[PDB]
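Next up: a single chain in structure tokens, the form deposited in one PDB entry.
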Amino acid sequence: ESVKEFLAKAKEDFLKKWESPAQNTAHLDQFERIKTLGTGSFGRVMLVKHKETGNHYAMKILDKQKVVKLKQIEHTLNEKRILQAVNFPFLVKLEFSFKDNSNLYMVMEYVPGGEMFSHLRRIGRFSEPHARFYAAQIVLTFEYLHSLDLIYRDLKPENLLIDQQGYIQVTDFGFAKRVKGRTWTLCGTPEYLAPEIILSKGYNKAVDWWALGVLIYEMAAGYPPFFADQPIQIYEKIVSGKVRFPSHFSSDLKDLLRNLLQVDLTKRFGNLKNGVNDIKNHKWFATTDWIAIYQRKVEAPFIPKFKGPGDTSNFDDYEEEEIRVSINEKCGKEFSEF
């Protein structure tokens, strides 16, 4: 009942911003560009410092012409409209957004701990208590997002940041979409795609719960449940209905994952009459205090190392590229509402 009350208020706040999005709330020249933190098909994220406050941020720079060539116009509009409207302890905040002749800009909170991806690959795998701590945060984040009729659609260690307190911050809302009922877009990352996506079946929020199963598996195993050298081989494994677990996986863990990695939607945890509660109440989560997690009162598995503000040693190095702004406006109409 307290959960319903909280979510009801959360939706009221979200819908106000959803219907009236913030737009043009800063300018490129207000930020000092320092270093690239990550890259994508049509842009990059750079560590920046806001000159008037001295605050550090992570600024995503999207080349409008590249967005259009990859047919991601509506997805980029989705991303910005959603991210400026949401608010949850484990979601990165969009602080400013604006555009110029050449690029779109999304100025987000900088999360100095780096990607879960980097730590997971380096350490090999997380213990189950460690993986559970992260997993719980995704569970609550998805409960929140789904209550707003949003689907996230790109869960993976590369899209999860670790903050200074050791907590998760979900970023990368590029495929996030607000949809009541059913949607069809083939998108995501091969290892994490639900069978209904690759089979072009038409799908809903249940694909996020499948992806959570993939994520928990990979965190606790050190490798995903479905992997191969070519995506087609990955897809063949995903739809096959077969999954094998490391012998070190607990029996509770295996039970949870068999229910999350359920090819049959009518049997998938997160998608039954009991909704997210079949997950929250699963044996594997019996020690999880969902409220303490939300309030950030639980001791994290580890805190990332930090050496003063603006330090980036928790991020890989990327090739840098000067930002150029054309003297002509590119793709004005397509991105008008940004």
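In this text, the rigid core denotes the largest set of C-alpha atoms whose superposition between the two forms falls within 1.5 Å. Residue indices: 1-based, along the sequence shown.
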item: Between 248 to 256 and 160 to 168 (mean CA B-factor, as deposited), the higher; value: 248 to 256
item: Between the two ranges 1 to 9 and 327 to 335, the one averaging a larger CA B factor in the entry; value: 1 to 9
item: Top residue by Cα temperature factor, when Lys267, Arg122, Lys99, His75 are compared in the entry; value: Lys267
item: Top Cα B factor in the deposited entry, candidates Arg44, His282, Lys69, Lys49; value: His282
item: B-factor third for the C-alpha atom of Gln137 within its chain; value: lowest
item: Ranked against its chain, the third holding the CA B-factor of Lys35; value: lowest
item: Third of the chain, ranked by Cα B-factor, where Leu215 sits; value: lowest
item: Third assignment of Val207 from its chain's C-alpha B-factors; value: lowest
item: Chain thirds of CA B-factor: placement of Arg153; value: lowest
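Just so it is clear, the following notes concern the form deposited in another entry, a form of the same protein that is not shown.
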property	result
Rigid-core-referenced C-alpha movement of 2 Å or more between the shown form and the other one, selected from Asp154, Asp100, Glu158, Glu109	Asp100
C-alpha of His282 off by 2 Å or more between the shown form and the other one on rigid core	no
Shift of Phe269 between the shown form and the other one at or above 2 Å (CA, core fit)	no
Did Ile34 shift 2 Å or more between the shown form and the other one, C-alpha, core superposed	yes
